[PDB]
Amino acid sequence: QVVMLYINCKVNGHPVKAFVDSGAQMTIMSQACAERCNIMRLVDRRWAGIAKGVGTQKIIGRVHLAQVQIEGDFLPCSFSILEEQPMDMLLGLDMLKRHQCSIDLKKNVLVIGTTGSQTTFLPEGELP
Amino acid sequence: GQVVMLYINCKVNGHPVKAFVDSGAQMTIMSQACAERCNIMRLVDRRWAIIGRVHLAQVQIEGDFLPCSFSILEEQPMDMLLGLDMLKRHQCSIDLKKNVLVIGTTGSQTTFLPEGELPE
Ligand SMILES: [Cl-]
Ligand SMILES: [Cl-]
Numbered sequence: 200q201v202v203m204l205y206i207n208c209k210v211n212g213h214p215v216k217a218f219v220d221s222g223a224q225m226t227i228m229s230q231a232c233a234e235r236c237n238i239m240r241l242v243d244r245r246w247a248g249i250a251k252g253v254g255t256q257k258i259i260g261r262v263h264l265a266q267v268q269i270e271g272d273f274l275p276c277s278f279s280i281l282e283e284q285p286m287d288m289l290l291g292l293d294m295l296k297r298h299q300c301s302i303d304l305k306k307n308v309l310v311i312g313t314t315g316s317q318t319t320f321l322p323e324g325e326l327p
Numbered sequence: 199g200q201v202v203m204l205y206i207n208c209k210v211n212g213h214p215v216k217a218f219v220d221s222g223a224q225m226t227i228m229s230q231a232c233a234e235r236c237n238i239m240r241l242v243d244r245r246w247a258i259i260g261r262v263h264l265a266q267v268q269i270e271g272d273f274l275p276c277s278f279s280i281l282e283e284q285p286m287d288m289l290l291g292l293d294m295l296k297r298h299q300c301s302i303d304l305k306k307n308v309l310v311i312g313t314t315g316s317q318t319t320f321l322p323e324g325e326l327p328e
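Chains as they are written, first to last, in PDB author numbering: chain A, 200 to 327; chain B, 199 to 247, 258 to 328.
So this is what it looks like as C-alpha cells:
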C-alpha cells in the first residue's frame with residue numbers, strides 16, 4: 200500500500216496530474232491529454248514510432264517544446280505522445296534532470312532545482 | 199537527448215550491488231542471480247511469489273545499514289531495483305541538482321553513478 204508520486208501541473212492552462220517516475224527515460228503525454236490541452240499543433244509527427252522504452256502503444260510524435268506549469272513556474276519541457284497511456288502525463292528522468300529536480304520523500308515534495316519552488320505530492324484521495 | 203539512468207553503489211551482506219533507483223516502481227526487486235551472489239537465498243521466503261520475498265535484510269549505502277524488504281525476480285537483467293517502497297521507508301531524496309540519493313533516516317548521501325560506471 201505505497202502511494203505512487205503525482206503532482207499537479209498545468210499545460211496551456213489545463214490541469215494535469217503527472218506521474219513522477221525516475222526510472223522512465225522519456226517524459227510522455229497521452230494523446231488524449233495533448234488533445235485536451237490543445238497542443239496537437241505542437242506534435243511533430245515525424246517522430247511517429249520513436250521510443251526509447253518498450254511498451255504497448257505507438258508513439259504519435261514529439262513535442263519539442265511546451266511549458267509545463269508547476270506552481271508559479273513555467274518549465275520548458277520536451278516529451279513524446281503515446282496513443283494511450285494510463286496516466287495523462289509521465290514525468291521521467293529526462294525532465295526531472297533538465298530542471299535539476301529533487302524528489303524529496305521526507306517532505307513529500309518535488310523541488311524544482313532551478314528556482315527552489317516546491318509542489319507537494321498528491322495524497323491517495325487525489326490520485327487519478 | 200541521451201539520459202543517464204540513476205544508479206547507486208550499495209552493498210548487500212558485503213557484496214557490491216549497483217542499484218537502479220526507480221521512483222515509479224512500487225516494489226524493490228532483486229534478481230535471483232544477485233540474491234545468490236550476495237549469499238542471502240537463506241532469507242528468501244518462497245511462500246511469496258517472482259521467486260520469493262526477503263522480509264528484512266540490511267542494505268548498506270555508504271556507512272549505513274538500512275533495513276529493507278524486497279522480492280526476488282527469477283530473471284531481472286539488473287541485480288537490484290530500488291523502488292518507492294524503500295525510498296519512502298528511508299525517507300530518501302533523489303536530488304538531481306546535487307546528483308545524490310539522500311538517506312533521510314540518517315542524513316547520509318551517496319552519488320549517482322556516472323555513465324562509465326553503470327552496469328551492462
Ligand atoms: Cl525533442
Ligand atoms: Cl560479489
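From the three backbone atoms N, C-alpha and C, an ideal C-beta is built for every residue, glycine too.
Subject >> Any C-beta of chain A under 8 Å from that of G212 of chain B >> reply: Taking the first residue of the second sequence as 1, we reach residue 212 of chain B at position 14. Not closer than 8 Å to any Cβ of chain A, the Cβ of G212 of chain B fails to qualify, so no.
Original post:
In terms of DSSP beta bridges, what is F218 of chain A paired with?
Top reply: Your numbering for residue 218 of chain A matches position 19 in the first sequence. The partner list for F218 of chain A (beta bridge, DSSP) reads A:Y205, A:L289.
Subject >> Endpoints, the beta strand (DSSP E) within which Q230 of chain B is located >> reply: For this step, residue 230 of chain B is matched to residue 32 along the second sequence. Premise fails: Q230 of chain B lies in the alpha helix (DSSP H), 230-235, not in any beta strand (DSSP E).
**OP:** Report all residues from its chain with a CB closer than 6 Å to the CB of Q230 of chain B; omit the five preceding and five following residues, and keep chain order.
**Re:** On the second sequence, residue 230 of chain B is found 32 positions in, with the first residue counted as 1. So the list reads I259, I280, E282, once near-sequence residues are dropped.
Subject >> chain B residues whose Cβ lies nearer than 7 Å to that of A223 of chain A >> reply: Within the first sequence, the letter at position 24 stands for residue 223 of chain A. Near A223 of chain A (Cβ distances below 7 Å), the residues of chain B are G222.
Subject >> Collapsed DSSP secondary structure at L264 of chain B in the structure displayed >> reply: Residue mapping note: residue 264 of chain B aligns to position 56 of the second sequence, counting from 1. Strand, per DSSP.
Original post:
What is the residue span of the beta strand (DSSP E) that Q317 of chain B lies within?
Top reply: Start at 1 with the first residue of the second sequence, and residue 317 of chain B comes out as number 109. Element bounds for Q317 of chain B: 317-319.
Original post:
When the Cβ atoms of the stretch 206-219 of chain B are set against those of the stretch 210-220 of chain A, are three or more pairs found closer than 8 Å?
Top reply: Counting Cβ pairs under 8 Å, fewer than three are found: no touch.
Original post:
Is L295 of chain A helix, strand or coil by DSSP?
Top reply: To locate residue 295 of chain A, count along the first sequence from 1; it is residue 96. Correct three-state label for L295 of chain A: helix.
**OP:** Could you say which of B:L326, B:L309, B:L304 lies nearest to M286 of chain B if we only look at CA atoms?
**Re:** For the purposes of this step, residue 286 of chain B is taken as residue 78 along the second sequence, with counting starting at 1. Ranking the options by Cα distance to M286 of chain B, first place goes to B:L326.
Subject >> 8 Å Cβ cut-off: residues of chain B touching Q299 of chain A >> reply: Indexing the first sequence from 1 puts residue 299 of chain A at position 100. Neighbours of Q299 of chain A on chain B, chain order: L304, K305.
Original post:
If we call anything under 8 Å between Cβ atoms a contact, is residue 248 of chain B one with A250 of chain A?
Top reply: Gap in chain B between 247 and 258; residue 248 of chain B lies inside it and carries no coordinates.
**OP:** May I ask you to report which of helix, strand or coil DSSP gives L241 of chain B?
**Re:** The residue labelled residue 241 of chain B in the question sits at position 43 within the second sequence. Here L241 of chain B sits in helix by DSSP.
Original post:
How many angstroms separate the CA atom of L309 of chain A from the CA atom of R245 of chain B?
Top reply: Taking the first sequence and counting its residues from 1, one reaches residue 309 of chain A at position 110. Taking the second sequence and counting its residues from 1, one reaches residue 245 of chain B at position 47. If you take the alpha carbons of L309 of chain A and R245 of chain B, they lie about 37 Å apart.
Subject >> Own chain residues within Cβ distance below 7 Å of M239 of chain B, not counting five before or after >> reply: Your numbering for residue 239 of chain B matches position 41 in the second sequence. Once the five neighbours on either side are set aside, the close Cβ partners of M239 of chain B are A233.
Subject >> beta strand (DSSP E) segment containing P322 of chain B, residue limits >> reply: Stepping through the second sequence from its first residue, residue 322 of chain B is reached at position 114. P322 of chain B -> no beta strand (DSSP E), and no H or E assigned at all.
Subject >> Cβ neighbour criterion (16 or more within 10 Å) applied to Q266 of chain B >> reply: By one-based count along the second sequence, residue 266 of chain B stands at place 58. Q266 of chain B is exposed by the Cβ-count criterion.
Original post:
Is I302 of chain A near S301 of chain B, with beta carbons less than 8 Å apart?
Top reply: Counting from one through the first sequence, the residue named residue 302 of chain A turns up at place 103. Counting from one through the second sequence, the residue named residue 301 of chain B turns up at place 93. Yes.
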